[PDB]
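Read through the structure below, which is laid out as C-alpha cells, and then see the notes.
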Amino acid sequence: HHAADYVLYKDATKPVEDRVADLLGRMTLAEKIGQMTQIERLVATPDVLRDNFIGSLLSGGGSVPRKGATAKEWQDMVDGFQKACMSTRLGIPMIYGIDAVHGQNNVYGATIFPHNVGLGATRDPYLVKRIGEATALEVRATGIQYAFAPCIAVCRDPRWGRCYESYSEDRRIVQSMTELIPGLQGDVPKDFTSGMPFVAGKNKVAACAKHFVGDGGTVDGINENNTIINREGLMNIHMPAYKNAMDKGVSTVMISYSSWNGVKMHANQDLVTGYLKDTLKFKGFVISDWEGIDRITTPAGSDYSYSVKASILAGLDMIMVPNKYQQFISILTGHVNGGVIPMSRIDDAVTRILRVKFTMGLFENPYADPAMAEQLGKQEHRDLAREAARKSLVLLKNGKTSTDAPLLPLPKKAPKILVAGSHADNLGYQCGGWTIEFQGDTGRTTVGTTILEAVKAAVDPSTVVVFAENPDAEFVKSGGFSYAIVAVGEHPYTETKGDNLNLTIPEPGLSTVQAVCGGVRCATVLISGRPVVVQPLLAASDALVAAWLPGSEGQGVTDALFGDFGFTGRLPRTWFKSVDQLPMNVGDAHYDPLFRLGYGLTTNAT
Ligand SMILES: OC[C@H]1O[C@@H](S[C@H]2[C@H](O)[C@@H](O)[C@H](O[C@H]3[C@H](O)[C@@H](O)[C@H](S)O[C@@H]3CO)O[C@@H]2CO)[C@H](O)[C@@H](O)[C@@H]1O
Ligand SMILES: *[C@@H]1O[C@H](CO)[C@@H](O)[C@H](O)[C@H]1NC(C)=O
Ligand SMILES: *[C@@H]1O[C@H](CO)[C@@H](O)[C@H](O)[C@H]1NC(C)=O
C-alpha cells in the first residue's frame, strides 16, 4: 500500500494481526529470542540492546537513574535505550516496565497512593479506576510504557509479606478492583473479545495481572512457597479475578514464584498454556517474575538450561532474566537449534509480544513525550490520593464505653494538642514498601505530607500543636493537652522481609500509646500492611483507626479525624484475635474474629 520501499509492519493503518505476521515472517532466530528477553536497566547499554535484539527493559525496585531524578531524566534514560533498539535492522521498539503499584512509586516526587489493602477497604472500584488513570499519566511522565500492576493476589494469610499488595481475602473484592486495568490501559471497545490485550495509546500503559496463580494461598503465608489447595478451591478463590482481567483486556500476565500442590508455576504447562492461554483465551504476553525461571530449581539457578526449557515449554513468552541475558539467550538458542523447543513455541511467544507492542501504539510512539513530564506529582492526582487515603481508613473504636462522648471527630480549635508516635512524622513509614526503594525507607524520601504536617495544616490558627515522638507519661500529664493523636505501626517491607509469624508491631509503639492515652484522650492511628495484634492498643485508646499504608497524602487521615468527611472504610480482611488462629478467613467453618470482614464504625462530617 504505496512508496517503493514499503514495509507492511511499519504501516500504522494496517490491522495489528497483519503487522504481527508481517514482522514475524522477517525475523531471525536471534531477533525472535531477543524479543523474549527482558533485561535490567543496570545491565543495558546501546550495544547490548542492538547486538542482542532486546525486547524489553525494566527497573526493579529502586532501580533509578539517580536519586532525586526528574521526570525528564527518566524520559531521557528510557529514550536513550529506545534509540538503540530502534537502530536495529528491524527497528522493533522495546517496552519498558516498572512496578508502579501505588502510583509511580520508584520515582521521586510521584504521587504515592494507598497500598491495595487500603484500597480494598474503600469498596470503591471507580476510585481505583481513577487511581489507575492517574498512575498511567505519572508513569508516561517518566517515559515508561508498562506497569507491573495490578497484583490480584487474594491473600489468605496476613503472615505473608505481600498481604498489603492484595485488595482483600475475599475474591469478590479483588474482582471488583480489576477496574485498575482499564484505568491504566483505557477502556476496551464495546465489541471487545475477552483475553485480547488492549492499551488505548500513548497516554496509557500496558498493565499486568500478577502473579499467576495462587500467590496469596501459600502455606503459613510463606512468600514464594507452596499453595496446597484442590482445583475447586484454586478456581474458586485464586483464579476468578484473572477472568475479569481477561474481560478488561489486560495486556500481560506475570507468573508467580509460588507452586500449586508442589508444581512450580513457572514450570506449569497445564495452567499457563492449558488454562490461561487455551481456556481463558489470553492473547497478550506472559512474563516471568524476576529470576523466576531460576527459582524453579533448588538451589535456584543450579540448572539454568532446565529452567529455560521448562519455562518456555510451559508457555512463558517473555523472561525477566534480568541480568544474565547472554546465558539466557545462548541456552535458548541452543535448545531451539537442538529441537528441544520447537520454532512454533518461539513464534507464539513473539506473536504475543509483538501483538501487545503494536496494539498499544508502541511502533507509532516509541519515544517519550516531554509535555507529559508535568504530570508527575500533579496536584489533582494528590487530591485523588487524599480522597483514597481517607476512604481507606477503618474506624475500629470510637469511645471506651458506650456512654462516653465519641472522641472523633476532633475539634480543629483547641488550646494545645499533642501529636506523637514513631509514625506521626515519617513519610516513608506512611508509604510502606515499594516506595523510592524496594523495601521502602524511613523519613522524608519523597514529596508528601506527614500526619503531623496534615494536623498543622488542618487546625485553627489558635491551636498550638506539639510534636513529641515518644513522650513519657509525665510529659503528657503536664502538658495541658486537649487530646492527642498518636501514630504507630509497622515498618516498611516488601516480599520475604515482610513475612512475619507474630504480627506484633515494633516498640516503642504500644508503650507510647499507653503513655499518651494514660494522660489525655487519644486517637491512635495504626499504620500497617495488614491486621496486627491490636487488643493492647485498643485497650489503651479512646479511638483507634486502621489507616493501612496510606501513601504520600497524609491529609487523608486528618480529613476524617477532624470531621471534614465521615469514616466509611470497612475491613477488607478478617481481624484475628491471635496469630494461632491463622489462617482464618470469612466463610471458614471455625470463624472467631476480633473484627469480621466488613466491620467498620462510621462518623458523620462535622
Ligand atoms: O520488580 C519486578 C518484579 O519482580 C519481583 S520484585 C524484585 C525486585 O524488583 C528486585 O529489585 C529484587 O532484586 C534483588 C534480588 O531478589 C536479590 O536476590 C539480589 S541479592 O539482589 C536484588 C536486591 O537488589 O528482586 C525482587 C524479587 O525477589 C516481584 O515479585 C514482582 O511483583 C515485580 O513486578
Ligand atoms: C517452602 O519454604 C520452606 C521453608 O523455608 C522450603 O524448605 C521449601 O523449599 C519451600 N517450598 C516451596 C515450594 O517453595
Ligand atoms: C449520623 O447520621 C446518621 C444518619 O442520619 C444518624 O442516624 C446518626 O445519629 C448521626 N450521628 C451523629 C453523631 O451525628
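Naming scheme: A, B, ... for chains in displayed order of the C-alpha cells; residues 1 onward per chain; ligands 1 onward as shown.
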Give the strand (DSSP E) residues of segment 251-483 of chain A, as assigned by DSSP on the backbone, as a compact mmCIF listing (two decimals) with N, CA and C atoms, in the first residue's frame.
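As written to disk, out.txt reads:
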```txt
# COMPACT_ATOMS: atom_id res chain seq x y z
N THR A 252 -0.74 -8.09 29.73
CA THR A 252 0.20 -9.06 30.17
C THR A 252 -0.21 -9.75 31.48
N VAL A 253 0.38 -10.92 31.73
CA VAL A 253 0.22 -11.66 32.97
C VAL A 253 1.57 -12.10 33.43
N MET A 254 1.90 -11.86 34.67
CA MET A 254 3.14 -12.31 35.26
C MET A 254 2.92 -13.56 36.12
N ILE A 255 3.84 -14.51 35.96
CA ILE A 255 3.77 -15.77 36.68
C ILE A 255 4.32 -15.64 38.10
N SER A 259 4.28 -22.26 44.03
CA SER A 259 3.94 -23.56 43.47
C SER A 259 2.47 -23.86 43.82
N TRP A 260 1.86 -24.74 43.03
CA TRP A 260 0.50 -25.21 43.30
C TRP A 260 0.57 -26.73 43.50
N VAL A 263 3.92 -28.05 42.31
CA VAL A 263 4.35 -27.79 40.94
C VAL A 263 4.66 -26.27 40.81
N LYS A 264 5.88 -25.98 40.42
CA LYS A 264 6.29 -24.51 40.25
C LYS A 264 5.43 -23.93 39.19
N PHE A 285 0.87 -11.23 26.34
CA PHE A 285 2.07 -11.99 26.66
C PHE A 285 2.20 -12.34 28.14
N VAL A 286 2.83 -13.46 28.40
CA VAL A 286 3.06 -13.99 29.73
C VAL A 286 4.50 -13.76 30.05
N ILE A 287 4.74 -13.07 31.16
CA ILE A 287 6.09 -12.71 31.61
C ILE A 287 6.46 -13.50 32.88
N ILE A 319 10.89 -13.42 29.37
CA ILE A 319 11.68 -13.80 30.52
C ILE A 319 12.33 -12.58 31.13
N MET A 320 11.89 -12.27 32.35
CA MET A 320 12.54 -11.25 33.18
C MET A 320 13.84 -11.85 33.68
N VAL A 394 -10.24 2.65 58.40
CA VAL A 394 -11.31 1.90 59.09
C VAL A 394 -11.30 2.23 60.54
N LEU A 395 -12.43 2.78 60.99
CA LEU A 395 -12.55 3.18 62.38
C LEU A 395 -12.96 1.93 63.19
N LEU A 396 -12.06 1.52 64.05
CA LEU A 396 -12.26 0.31 64.87
C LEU A 396 -12.91 0.53 66.24
N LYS A 397 -12.72 1.71 66.75
CA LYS A 397 -13.14 2.09 68.08
C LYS A 397 -13.27 3.58 68.15
N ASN A 398 -14.35 4.06 68.78
CA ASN A 398 -14.58 5.48 68.95
C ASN A 398 -15.28 5.80 70.27
N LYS A 416 -4.24 23.49 72.98
CA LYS A 416 -2.98 22.83 72.76
C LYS A 416 -3.32 21.38 72.56
N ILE A 417 -2.71 20.77 71.54
CA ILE A 417 -2.86 19.36 71.24
C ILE A 417 -1.51 18.72 71.05
N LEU A 418 -1.49 17.41 71.26
CA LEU A 418 -0.29 16.60 71.11
C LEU A 418 -0.39 15.66 69.92
N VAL A 419 0.67 15.62 69.14
CA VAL A 419 0.80 14.64 68.03
C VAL A 419 2.08 13.86 68.42
N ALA A 420 1.95 12.56 68.48
CA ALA A 420 3.03 11.74 68.95
C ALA A 420 3.10 10.39 68.18
N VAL A 464 -2.33 25.30 69.35
CA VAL A 464 -0.92 25.02 69.45
C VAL A 464 -0.76 23.56 69.21
N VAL A 465 0.16 23.15 68.31
CA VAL A 465 0.38 21.74 68.06
C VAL A 465 1.75 21.41 68.56
N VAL A 466 1.83 20.45 69.45
CA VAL A 466 3.14 19.97 69.97
C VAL A 466 3.43 18.61 69.44
N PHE A 467 4.61 18.39 68.93
CA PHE A 467 5.09 17.04 68.49
C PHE A 467 6.05 16.48 69.52
N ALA A 468 5.87 15.22 69.89
CA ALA A 468 6.85 14.51 70.70
C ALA A 468 6.80 13.07 70.20
```
Problem set entry | Residues within 8 Å of segment 499-502 of chain A, only C-alpha atoms, excluding chain neighbours under 2 positions, as JSON, numbers by chain | {"A": [159, 160, 161, 162, 221, 222, 223, 495, 496, 497, 504, 579]}
File dump, residues just selected, C-alpha atoms, as a PDB file, in the first residue's frame:
```pdb
ATOM      1  CA  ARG A 159       1.592 -13.519  57.772  1.00  0.00           C
ATOM      2  CA  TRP A 160       2.537 -13.037  54.120  1.00  0.00           C
ATOM      3  CA  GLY A 161       4.907 -10.109  53.415  1.00  0.00           C
ATOM      4  CA  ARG A 162       2.843  -9.136  50.364  1.00  0.00           C
ATOM      5  CA  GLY A 221       1.850 -17.009  54.240  1.00  0.00           C
ATOM      6  CA  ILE A 222       5.472 -18.027  53.330  1.00  0.00           C
ATOM      7  CA  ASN A 223       6.343 -15.898  50.291  1.00  0.00           C
ATOM      8  CA  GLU A 495       8.129  -9.609  49.861  1.00  0.00           C
ATOM      9  CA  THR A 496      10.039 -12.093  52.084  1.00  0.00           C
ATOM     10  CA  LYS A 497      11.323  -9.497  54.501  1.00  0.00           C
ATOM     11  CA  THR A 504       3.140  -7.590  66.658  1.00  0.00           C
ATOM     12  CA  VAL A 579      -1.937 -15.495  65.167  1.00  0.00           C
TER      13      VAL A 579
END
```
Name all residues at most 10 Å from residue 1 of chain A (count only C-alpha atoms; drop same-chain ones fewer than 4 positions away) and give them as a short mmCIF file (atom, residue, chain, number, x, y, z; two decimals) with N, CA, C and O atoms, in the first residue's frame.
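Saved file around.cif follows:
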```cif
data_model
loop_
_atom_site.label_atom_id
_atom_site.label_comp_id
_atom_site.auth_asym_id
_atom_site.auth_seq_id
_atom_site.Cartn_x
_atom_site.Cartn_y
_atom_site.Cartn_z
N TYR A 6 8.10 0.16 0.75
CA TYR A 6 7.03 -0.06 1.73
C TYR A 6 7.29 -1.40 2.47
O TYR A 6 7.65 -2.42 1.88
N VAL A 7 7.09 -1.36 3.78
CA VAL A 7 7.23 -2.48 4.68
C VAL A 7 5.92 -2.50 5.49
O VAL A 7 5.64 -1.58 6.25
N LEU A 8 5.11 -3.54 5.31
CA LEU A 8 3.77 -3.58 5.87
C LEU A 8 3.79 -3.40 7.43
O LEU A 8 2.95 -2.70 7.94
N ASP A 11 3.46 0.12 8.71
CA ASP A 11 2.33 0.93 8.26
C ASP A 11 1.28 0.97 9.38
O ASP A 11 0.60 0.00 9.62
N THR A 13 -1.66 2.14 9.51
CA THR A 13 -3.03 1.94 9.07
C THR A 13 -3.40 0.46 8.95
O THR A 13 -4.56 0.15 8.77
N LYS A 14 -2.46 -0.45 9.09
CA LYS A 14 -2.76 -1.86 8.91
C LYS A 14 -3.23 -2.52 10.19
O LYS A 14 -2.82 -2.08 11.28
#
```
For this session: Quick one: everything within 12 Å of residue 244 of chain A, counting only C-alpha atoms, minus sequence neighbours fewer than 2 positions away in the same chain. Send it as a count of residues only.
Result: 27
Exercise. Would you give me, as a count of residues only, the residues in segment 300-546 of chain A that DSSP reads as alpha helix (DSSP H)?
Worked result: 87
